[PDB]
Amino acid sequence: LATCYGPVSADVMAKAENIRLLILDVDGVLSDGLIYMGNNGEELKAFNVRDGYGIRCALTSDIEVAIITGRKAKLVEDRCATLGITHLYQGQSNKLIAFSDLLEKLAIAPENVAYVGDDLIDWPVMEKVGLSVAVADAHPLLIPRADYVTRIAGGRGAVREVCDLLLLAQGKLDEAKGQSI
């Protein structure tokens, strides 16, 4: 029950131990929620390298990683390519559609899935999964619903915190390896 971010319940650790697939929202989870827009139609989004390391650890220690996001941008495809994420659903605000598709294709039971969200749109999927996670600065109405609330804010390493938790629960943390990219 001890972790480098502080104590976790036995129940959260047991849920984390079973995790075969980690699903992430983007905006407000992998980022602090900001969308950068320019006069020539440019768009930027900011990701955190500390999360990149966690995702690389997950992917090289037998935990699959997927993304389901309401927005759609080529930059997100590029981020996934950097990190080796091969399951990406964009443009999807009815996330249960993507959820159903993903689990059918991978043959994974919902109880072996974790989901990290930050807003109410995430809840229908979070309700179904083995380990639901809200980031520290998630919408107030989402926070009390999740199995685990991260210590770290969205875009600041909430995703690394979840990666670290899964790895720890599975006895993979000490020997995990990643790239901080």
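C-alpha atoms forming the largest set that superposes within 1.5 Å between two forms make up the rigid core. Start at 1 with the first residue shown and count on from there.
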| property | result |
| --- | --- |
| Segment of greater CA departure in 5 other deposited structures of this protein, 112 to 120 or 65 to 73, core superposed | 65 to 73 |
| Average Cα temperature factor in the PDB entry - higher stretch of 36 to 44, 149 to 157 | 36 to 44 |
| Assigned third (lowest, middle, highest) for the C-alpha B factor of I23 | lowest |
| CA B-factor placement of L75, once the chain's modelled residues are sorted into thirds | lowest |
| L59 - Cα temperature factor, lowest/middle/highest third of chain | highest |
| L173, C-alpha B-factor rank within chain (lowest, middle or highest third) | highest |
